[PDB]
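One structure below.
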Amino acid sequence: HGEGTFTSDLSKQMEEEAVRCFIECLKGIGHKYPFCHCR
């Protein structure tokens with residue numbers, strides 16, 4: 001698939017984790033995503 005690198009603070013640029021939960025947690029959704037730790 002090539003280098004499809006999802007970074008987790010490693011580059012802190014195009015991150016998937018803690019942003020894909022962040023904007024959703026802002027709305028109010030709990031654990032929709034594996035890495036989404038929203039209450």
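Letters for chains follow the order of the structure tokens (A, B, ...), residue numbers begin at 1 for each chain, and ligand numbers begin at 1 in the order shown.
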
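The environment of segment 10-26 of chain A within 8 Å, counting only C-alpha atoms and disregarding residues fewer than 5 places along the same chain, consists of residues 32, 33, 35, 36, 37, 38 and 39 of chain A.
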
Selected residues written out with N, CA and C atoms, as a short mmCIF file (atom, residue, chain, number, x, y, z; two decimals), in the first residue's frame:
```cif
data_model
loop_
_atom_site.label_atom_id
_atom_site.label_comp_id
_atom_site.auth_asym_id
_atom_site.auth_seq_id
_atom_site.Cartn_x
_atom_site.Cartn_y
_atom_site.Cartn_z
N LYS A 32 -16.32 5.77 20.09
CA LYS A 32 -16.72 5.44 18.73
C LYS A 32 -15.54 4.81 17.98
N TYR A 33 -14.37 5.32 18.26
CA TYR A 33 -13.15 4.87 17.61
C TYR A 33 -12.34 4.09 18.63
N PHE A 35 -9.24 4.14 19.54
CA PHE A 35 -8.35 5.02 20.27
C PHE A 35 -9.09 6.20 20.90
N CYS A 36 -10.39 6.21 20.77
CA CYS A 36 -11.16 7.32 21.27
C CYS A 36 -11.52 7.08 22.69
N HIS A 37 -10.90 7.83 23.56
CA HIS A 37 -11.18 7.74 24.96
C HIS A 37 -11.89 8.98 25.41
N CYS A 38 -13.14 9.03 25.07
CA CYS A 38 -13.98 10.11 25.47
C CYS A 38 -15.01 9.58 26.46
N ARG A 39 -15.39 10.40 27.42
CA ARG A 39 -16.31 9.98 28.48
C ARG A 39 -17.70 10.55 28.28
#
```

Run DSSP on the backbone and give me the residues of chain A it puts in helix (DSSP H, G or I), as number ranges by chain. A: 22-25
